[PDB]
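As a plain string of letters, each chain reads:
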Amino acid sequence: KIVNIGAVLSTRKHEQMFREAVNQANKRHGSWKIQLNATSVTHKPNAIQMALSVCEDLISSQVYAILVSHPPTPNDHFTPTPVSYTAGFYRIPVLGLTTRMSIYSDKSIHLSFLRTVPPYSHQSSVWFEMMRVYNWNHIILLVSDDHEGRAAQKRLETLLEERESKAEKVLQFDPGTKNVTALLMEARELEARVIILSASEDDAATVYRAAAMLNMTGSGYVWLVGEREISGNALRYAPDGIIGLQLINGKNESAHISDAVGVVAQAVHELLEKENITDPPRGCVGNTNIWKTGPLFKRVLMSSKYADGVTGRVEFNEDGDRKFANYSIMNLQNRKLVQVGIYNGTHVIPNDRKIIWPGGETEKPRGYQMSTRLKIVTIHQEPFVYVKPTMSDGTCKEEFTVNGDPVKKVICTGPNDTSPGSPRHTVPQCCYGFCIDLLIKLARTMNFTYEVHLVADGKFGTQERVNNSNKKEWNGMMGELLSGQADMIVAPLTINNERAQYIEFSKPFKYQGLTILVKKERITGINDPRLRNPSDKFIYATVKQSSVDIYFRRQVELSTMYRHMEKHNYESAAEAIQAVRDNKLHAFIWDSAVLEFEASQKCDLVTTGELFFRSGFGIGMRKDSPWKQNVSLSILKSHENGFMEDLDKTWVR
Amino acid sequence: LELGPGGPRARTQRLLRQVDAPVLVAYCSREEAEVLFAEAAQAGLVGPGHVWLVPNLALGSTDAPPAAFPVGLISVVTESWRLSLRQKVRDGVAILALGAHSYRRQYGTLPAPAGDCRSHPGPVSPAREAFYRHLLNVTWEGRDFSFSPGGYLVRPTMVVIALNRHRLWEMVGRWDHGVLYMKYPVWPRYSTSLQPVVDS
Amino acid sequence: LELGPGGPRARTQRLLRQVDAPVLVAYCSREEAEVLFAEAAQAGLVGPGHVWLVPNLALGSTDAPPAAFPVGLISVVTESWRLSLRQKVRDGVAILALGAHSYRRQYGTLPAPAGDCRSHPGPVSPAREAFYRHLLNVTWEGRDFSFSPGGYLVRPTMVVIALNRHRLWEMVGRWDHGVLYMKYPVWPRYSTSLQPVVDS
Ligand SMILES: *[C@@H]1O[C@H](CO)[C@@H](O[C@@H]2O[C@H](CO)[C@@H](O)[C@H](O)[C@H]2NC(C)=O)[C@H](O)[C@H]1NC(C)=O
Ligand SMILES: *[C@@H]1O[C@H](CO)[C@@H](O[C@@H]2O[C@H](CO)[C@@H](O)[C@H](O)[C@H]2NC(C)=O)[C@H](O)[C@H]1NC(C)=O
Ligand SMILES: *[C@@H]1O[C@H](CO)[C@@H](O[C@@H]2O[C@H](CO)[C@@H](O)[C@H](O)[C@H]2NC(C)=O)[C@H](O)[C@H]1NC(C)=O
Ligand SMILES: *[C@@H]1O[C@H](CO)[C@@H](O[C@@H]2O[C@H](CO)[C@@H](O)[C@H](O)[C@H]2NC(C)=O)[C@H](O)[C@H]1NC(C)=O
Ligand SMILES: *[C@@H]1O[C@H](CO)[C@@H](O[C@@H]2O[C@H](CO)[C@@H](O)[C@H](O)[C@H]2NC(C)=O)[C@H](O)[C@H]1NC(C)=O
Ligand SMILES: *[C@@H]1O[C@H](CO)[C@@H](O[C@@H]2O[C@H](CO)[C@@H](O)[C@H](O)[C@H]2NC(C)=O)[C@H](O)[C@H]1NC(C)=O
Ligand SMILES: *[C@@H]1O[C@H](CO)[C@@H](O[C@@H]2O[C@H](CO)[C@@H](O)[C@H](O)[C@H]2NC(C)=O)[C@H](O)[C@H]1NC(C)=O
Ligand SMILES: *[C@@H]1O[C@H](CO)[C@@H](O[C@@H]2O[C@H](CO)[C@@H](O)[C@H](O)[C@H]2NC(C)=O)[C@H](O)[C@H]1NC(C)=O
Ligand SMILES: *[C@@H]1O[C@H](CO)[C@@H](O)[C@H](O)[C@H]1NC(C)=O
Ligand SMILES: *[C@@H]1O[C@H](CO)[C@@H](O)[C@H](O)[C@H]1NC(C)=O
Ligand SMILES: *[C@@H]1O[C@H](CO)[C@@H](O)[C@H](O)[C@H]1NC(C)=O
């Protein structure tokens, strides 16, 4: 039994190296009777003629495995495709030595394909590690629209989703298209200062020139790119201080040939014990069935720890890709590509030199540039946020407390519009109260300026399925905070699990619960049989798109509760209270903090039962906002000294 | 699972023994589907109380299904599943002819024929990119054959078929336009695969 | 399994690669234990994600354990573990002497000496039965040496020993009376390179 392997090369000289390497491999092994044989063929220009060349010689001979290399001149995924298809027809394993494209990782297209070199997509992994090293969280994924960009983005998103994080935004750059300036203009607005690029040489050069035009290469920014973006045309126009990376061996054909023949021989020896070896198809013509042993040969070849190779230990993952690697990190320091570290496979190891960031700084920059002018959204809640009309001169009535203290007021832009339906005019008013006083204290403590505006639709916000679609989208202050119109929510927003997945909540600044308001006392909580057996006799309702809606919708035990509620929800809390007092609605379920104040001030109404959902009000921010801790600390401090007691006494008597 | 000709008999019976589900959606090739159904029969997973659904990958040459397939297996195919080879050839020829006719009536000239292996084109010619787009949106004999950019069929008239008592693949429902036309108001179950009776 | 010398090796290897339990209990002789552990090491069932437990039978000379035994093996033995030979001989002679002393205290005389194999005393010789009954329950140096009617040690204090990283039989826990005390609040697990792994 003579086990023959084959190779398709280009240089006509590396085939002699492959013959030498296979001869050495034959000189060392368990058995020496298999008489390992080798054959080789040079590359052909025509792809169809190339595939026919694979069918002849290689396939015609009794070959067990095929190796394929790539000519030095970059031609991308064009040369190994025909041999991969032809050998995958018979499930004959094909080992790639220099190709880097991720299209060959898809086992649906290329069935029997393994590679000894990681693809371009795997680079994203090291980026994650770097993001762990420097604690960067806000990133932008500027990736091409081709398969490579989609694969890199998908892998990075998978890694990020394994952890608790998410990329700020991705930007699809269509290959070969000029004017990428729109994407850079969009990315300049965002808070993230870490730019990640995945594109070819021409695309990388184009985006580098466009970013130089937009001055996005200055101080504070961080650029992380791949191998294709620090070579060829890209390196010429690349801005200084970018951090790229490159594989250690990369193009050392001889190392990848020796390391491949060693593992192939080890695999052959390993599976030869079980025998049941089926001879190869012996020619494309005269056979239409796959080689039966082929699948098992590939399966045993994938799990083969050949830890004596030129390029280190060889191991393959579930998709037939070389598990580990070593990436050298490159910095463009004064037009020179200097090495500053080596990625062992799980952690980057910095040994010598110092990273020079693009702005010229010698100190690690944080990955965000939080602005000073802060847009803050708020809603109209009577005990917390009083909204009053401003006089014709642009400021509203001056007022003082009963004790004799000046009431601080700010200017806000609310939905006041004479036109019916939606708000069609944002006429300014003046806002004050508990939340605005807290906001003023917070802004004084944290040294930032603010612009306060009211929510567009008068709702707190729950995610709901968008019309003519199947996905759910947020609305209200929730939607405006997530979209970007507002940067912080200072309002009585109830903390709950649904909102905490997308919004970051500070420490609660007001503990409260949910209670029931009726006319001025035969209701005990939400467990009374009348409230468990809905009917026209006792009607109960809440505010649409609020925390109570979410609470009842997320309860399996209270489905009928929400079913009855859905028929009578109200636009706002104030109109619901007015309807209840006027004997148009029987019971109104709402927060204790507001309901108790309404019952105390306006009287003629009573709160019944004990609080059945204890929660707190919190300042809402975008996910992973850098200044969450600040605010939380301040809130805790306000609880400690005297501030929340004074705010309670002054506003909610 | 880990199916295949012969393979590792174990580690499938143990896993299939503790799956507590009344309806199962399986994805596997024809031989793998046969092995999985045989193992499930040995695992007490077929018969009434267990409904199987598979894509076309499990179905092979629907003219005659293997005996290992359990009665009540449900799948979804295209409308042309019951057509003959000649009818399918006619439909493909009609698709190409209508695409060429649309190209001719748009540009006022017949489509340019292709070449051969020598002198590979490289960048797709604008004429090719227009003939392809014209070939994409084509409707023939009521049924629409619009092709997605990926190359498959978008919004086709799909039929949900199932294996009957007499082990013959027959249509059970249609899809047409986003609306299901099921001929069984209640899904039937049959005495098949009731060797221990307790499986009922 | 077979676990015999020079037999089917594909069968054991195939079966051992199909198990995925995190806790494995084995029962075999010393040589069979070594064969099984070598195969499991080949089958990747030795790393920190697999804990093995064996009774006394799989163990051999506790002073010199073989290299096939994985680190983290657990077994349970009596107090005779780590005792010297002379101490064991003294304990046995003490048990017999205390039995004879109890017999003398009860009946005022020593039990009759044993006969010889060139005879068959059919009669049960109730004196000898009384001596045996006295020999059953006996305590010495604060340790219980009661014997079950089946001729084995009943309710003895036992120690649970484990093979630490230094490849020595360290004692982990004890079984005084019906209660268990163990040294380690959490079970350590070492990598295949004898590198302490901590579960994330
Ligand atoms: C071992 O490999 C050599 C590779 O050269 C094979 O020699 C080739 O055999 C094919 C088929 O007979 C011929 O078409 C080529 O012209 C041969 N090449 C050379 C350089 O002689 C040889 O046949 C193989 N041994 C086997 C298959 O037993
Ligand atoms: C890409 O196209 C946009 C058009 O939307 C160009 O944007 C204009 O650029 C000029 C000069 O830079 C400005 O005076 C205009 O105000 C821009 N218009 C807008 C709407 O922004 C942009 O310059 C083009 N870029 C390239 C590289 O061609
Ligand atoms: C690929 O790598 C190998 C080793 O990593 C290189 O082999 C070295 O070659 C030089 C001269 O060519 C010798 O002085 C060294 O001793 C060789 N290394 C060893 C370990 O023996 C080989 O040159 C590399 N090929 C390329 C194209 O860079
Ligand atoms: C990346 O480079 C390191 C060298 O620092 C390689 O580590 C070698 O690993 C082999 C086998 O694991 C050992 O025999 C060598 O002693 C190690 N080198 C040193 C200096 O300790 C590592 O294998 C490389 N990565 C890959 C995927 O090959
Ligand atoms: C609060 O922020 C303002 C603006 O960021 C700070 O004012 C700057 O103060 C530095 C020195 O402290 C000056 O060099 C800048 O020119 C000032 N800018 C403006 C616009 O006034 C202020 O110092 C901060 N308060 C602190 C740090 O307590
Ligand atoms: C949270 O508040 C702390 C103050 O205790 C901030 O720490 C200071 O931050 C400024 C600028 O960020 C530095 O110039 C100071 O040196 C920091 N002080 C100390 C003692 O380190 C912290 O930055 C705030 N958090 C955020 C996200 O801004
Ligand atoms: C099928 O698609 C083609 C191309 O998308 C349509 O061709 C267009 O026809 C209109 C008028 O008939 C022209 O104004 C467009 O310029 C054509 N598009 C081109 C040339 O790309 C064709 O009309 C579609 N079929 C039907 C029945 O509408
Ligand atoms: C071992 O058990 C035997 C009986 O099971 C004990 O012998 C008994 O001793 C009591 C002393 O009060 C007598 O009343 C009984 O008649 C004895 N029974 C028999 C069968 O001999 C004996 O004492 C126990 N051993 C020790 C050391 O206490
Ligand atoms: C090898 O093939 C024989 C039949 O030729 C079969 O009985 C046996 O199970 C096979 N062994 C394997 C696949 O390990
Ligand atoms: C609110 O809108 C009405 C109608 O447009 C307008 O008359 C009124 O002046 C607005 N309020 C304020 C404070 O300007
Ligand atoms: C909203 O969805 C309905 C279908 O439920 C559709 O009829 C209507 O046209 C959609 N409206 C808009 C503005 O898309």
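Note on numbering: every chain is counted from 1 along its sequence as written, possibly out of step with the entry's scheme, and residues lacking coordinates are dropped from view. Key to labels: chains lettered from A, ligands numbered from 1, both in the order written. Any value you read here covers just the chains shown, which are one part of a larger assembly. Excluded from the side-chain calculation are hydrogens and water; included are all heavy atoms of the structure.

- The record names cryo-EM as the way this model was obtained, at a resolution of 3.6 Å.

### Overview of the overall build of chain B
In step 1: Secondary structure summary: chain B contains 4 helices and 6 strands in total.
In step 2: Computed over its C-alpha atoms, the radius of gyration of chain B comes to 23 Å, more than 25% above the 16 Å expected for a compact globule of 200 residues.
In step 3: For chain B, the spread of C-alpha atoms along the principal axes amounts to about 70 × 40 × 30 Å.
In step 4: Should any heavy atoms of two residues lie within 4.5 Å, those residues are considered in contact. A separation threshold of at least 6 residues defines the contact pool for chain B, and within that pool the share at least 24 residues apart is 57%.
In step 5: Summed over all atoms, the accessible surface of chain B reaches about 12,900 Å², with 59% contributed by carbon and sulfur. Put simply, DSSP marks the helices as runs of H or I at least four residues long and the strands as runs of E at least two long, and each gets a number from the N terminus on. Atoms counted for the radius of gyration: C-alpha only. Globule rule: 2.2 Å times the number of residues to the power 0.38. Note on areas: Shrake-Rupley, 1.4 Å probe, and residue coverage restricted to the protein chains presented here.

### Details of the UniProt feature "disulfide bond" in chain A
All names here are of chain A.
In step 1: A separation of 2.0 Å between the sulfurs of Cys55 and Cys284 falls under 2.5 Å, matching the UniProt disulfide annotation for this pair. Pair noted here: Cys55 is in helix α2 (residues 47-58) and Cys284 is in the loop between α9 (253-271) and α10 (293-302), with a separation of 229 residues, a long-range link.
In step 2: Exposure remark for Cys284: the relative accessible area of 18% places this residue in the buried category.
In step 3: By definition, disulfides here are pairs of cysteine sulfur atoms that lie within 2.5 Å. UniProt positions are given in the numbering used here, feature names are shortened, and annotations may be inferred rather than shown by experiment. With a threshold of 2.5 Å on the sulfur distance, the UniProt-listed cystine of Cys396 and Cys430 is realised in this model at 2.0 Å. With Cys396 in the loop between β15 (385-389) and β16 (410-416) and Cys430 in strand β17 (residues 427-433), this pair connects stretches of sequence that are 34 residues apart. The cut-offs for exposure are 20% and 50% of the maximum accessible area for each residue type, with area from a 1.4 Å probe on protein chains only; residues under the lower value are buried, those over the upper are exposed, and the others partly exposed.

### Things to note about the state of the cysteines
Among covalent bonds in proteins, the disulfide is the one between the sulfur atoms of two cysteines.
All names here are of chain A.
In step 1: Per the counting criterion, the structure on display carries 3 disulfides over all chains.
In step 2: Two residues, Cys396 and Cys430, share a disulfide whose sulfurs are 2.0 Å apart. Residues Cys396 and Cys430 share a disulfide whose torsion about the S-S bond is about 80°; that sign makes it right-handed.
In step 3: Given a relative accessible area of 9%, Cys396 falls into the buried group.
In step 4: The class for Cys430 is buried, based on a relative accessible area of 2%.
In step 5: Assigning the bonded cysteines of chain A consecutive numbers by sequence position, one obtains the connectivity 1-2, 3-5, 4-6.

### Re the sheet that holds strand β24 (residues 514-519) of chain A
All names here are of chain A.
In step 1: One requirement defines pairing of two strands: DSSP has to find at least two bridges between them. Taken in spatial order, the 4 strands of this open sheet run β25-β26-β24-β27, and their pairing is mixed. In this open sheet, the two edge strands, each paired with only one partner strand, are β25 (540-541) and β27 (605-608).
In step 2: Bridging between β24 and β27 involves 4 bridges; their strand directions are antiparallel. Directly across from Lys519, in β27, lies its bridge partner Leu605.
In step 3: Throughout, an axis means a line fitted to C-alpha atoms (over the contacting stretch in the case of helices), and angles, computed between N-to-C directions, take values from 0 to 180 degrees. Sheet contacts for helix α17 (residues 573-581): β24, β26 (587-591) and β27; angle to β26, the most-contacted strand, approximately 150°.
In step 4: Across the face of the sheet, helix α18 (residues 592-602) comes into contact with β24, β26 and β27 while running at roughly 120° to β26.

### A look at the side chain of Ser638(A)
In step 1: Along the polypeptide, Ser638(A) turns up in helix α19 (residues 628-640).
In step 2: On the basis of relative accessibility, which here comes to 10%, the residue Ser638(A) falls in the buried class.

### With respect to the sheet that holds strand β6 (residues 181-182) of chain B
Picture the strands of a sheet paired through backbone hydrogen bonds; they go either parallel or antiparallel.
In step 1: Strand order in the open sheet formed by 6 strands is β1-β2-β3-β4-β5-β6 (chain B), and the pairing between neighbours is mixed. The open sheet has two free edges, formed respectively by β1 (23-25) and β6 of chain B, since each of these has just one partner strand.

### Topic: the environment of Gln42(C)
Residues and elements named next belong to chain C.
In step 1: Tracing the sequence through the fold places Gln42 in helix α2 (residues 30-42).
In step 2: Of the residues examined, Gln42 reaches a relative accessible area of 46% and is grouped as partly exposed.
In step 3: On a C-alpha basis, the gap between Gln42 and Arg17 in space is 9.2 Å, while along the polypeptide they are 25 residues apart.
In step 4: Those residues in contact with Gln42 that lie beyond four places of it in its chain are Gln13 and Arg17.

### Describing a nonpolar patch on the surface
Residue and element names in this part refer to chain B.
In step 1: Residues with no salt bridge and a relative accessible area higher than 30% make up the patches, which join like charges within 9 Å and nonpolar side chains (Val, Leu, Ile, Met, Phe, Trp, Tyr) within 5 Å. Each salt bridge in this description consists of a side-chain nitrogen of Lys or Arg and a carboxyl oxygen of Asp or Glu lying within 4 Å of one another. A grouping of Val23, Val25 and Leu53 is seen on the molecular surface, where their side chains present a nonpolar patch of about 260 Å² in accessible area.
In step 2: Position of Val25 among the secondary structure elements: in strand β1.
In step 3: Look at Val25 and you get exposed, because its relative accessible area is 71%.

### Concerning the pairing of strand β3 (residues 63-68) of chain A
Residues and elements named next belong to chain A.
In step 1: Taken across its 6 residues, β3 has 6 buried, putting it largely inside the fold.
In step 2: When strand β1 (residues 4-9) meets β3, the two strands line up parallel, connected through 5 bridges. Across the sheet, residue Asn4 finds its bridge partner in β3, namely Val63.
In step 3: Pairing between β3 and strand β4 (residues 94-96): 3 bridges, direction parallel. Counterpart to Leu67 in the pairing with β4 is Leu95.
In step 4: Handedness rule for crossovers: strands pointing away from the viewer, path from the first strand over the helix to the second running clockwise, crossover right-handed. One crossover worth recording links β3 to the parallel β4 by way of helix α3 (residues 80-89), and it is right-handed.

### A closer look at unusual backbone geometry
In step 1: Although it is not a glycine, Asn334(A) sits at a positive phi angle of roughly 55°.
In step 2: Considering the arrangement of structural elements, one finds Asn334(A) in the loop between β11 (327-333) and β12 (336-343).
In step 3: Judged by its relative accessible area of 68%, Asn334(A) is exposed.
In step 4: Phi is positive for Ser125(C), close to 55°, though the residue is something other than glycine.
In step 5: Topologically, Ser125(C) is positioned in the loop between α3 (85-107) and α4 (126-136).
In step 6: By relative accessible area, which is 28% here, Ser125(C) ends up partly exposed.

### What to know about the arrangement of the chains
In step 1: Counting contacts across all 2 pairs of chains found in contact, the highest total belongs to chains B and C.
In step 2: Separated throughout, chain A and chain C approach each other most closely at a C-alpha pair spaced 7 Å apart.

### Side note on the pattern of salt bridges
Residues and elements named next belong to chain B.
In step 1: Counting across every chain of the model gives 44 salt bridges over all chains.
In step 2: We note a salt bridge from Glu79 to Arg174, for which the minimum N-O separation is 3.3 Å. With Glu79 in the loop between β3 (74-78) and α3 (85-107) and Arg174 in strand β5 (residues 169-174), this residue pair connects regions lying 95 residues apart in the sequence.
In step 3: A relative accessible area of 26% means that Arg174 is categorised as partly exposed.
In step 4: With its nearest N and O atoms 2.8 Å apart, the salt bridge here joins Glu129 to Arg133. With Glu129 and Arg133 both in helix α4 (residues 126-136) and 4 residues apart, the pair spans about one turn of that helix.
In step 5: Given a relative accessible area of 33%, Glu129 falls into the partly exposed group.
In step 6: By sharing partners, the salt bridges in this structure join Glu79, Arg82, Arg174 and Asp176 into a single network.

### Section: the packing of helix α1 (residues 9-16) of chain C against α2(C)
When two helices pack together, their arrangement is given by the angle between the helix axes and the distance between those axes.
All names here are of chain C.
In step 1: Closest axis-to-axis distance for the α1/α2 pair is 9 Å, and the angle between their directions is 60°. Classified by the angle their axes make, α1 and α2 are oblique. Our pair here, α1 against α2, has a crossing hand that is right-handed. Seen from α1, the contacting residues are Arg9, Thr12, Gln13 and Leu16; seen from α2, they are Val35, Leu36, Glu39, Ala40 and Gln42.
In step 2: Amino acid classes used here: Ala, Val, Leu, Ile, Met, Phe, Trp, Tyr, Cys and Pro are nonpolar; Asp, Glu, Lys and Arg are charged; the rest, including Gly, are polar. Grouping the constituent residues of the contact of α1 with α2 by class yields 4 nonpolar, 3 polar and 2 charged. Our angle categories are set so that under 35 degrees counts as roughly parallel, over 145 as roughly antiparallel, 65 to 115 as roughly perpendicular, and the remainder as oblique. Should the near helix be turned counterclockwise from the far one by less than a right angle, the crossing is left-handed, whereas a clockwise turn marks it as right-handed.

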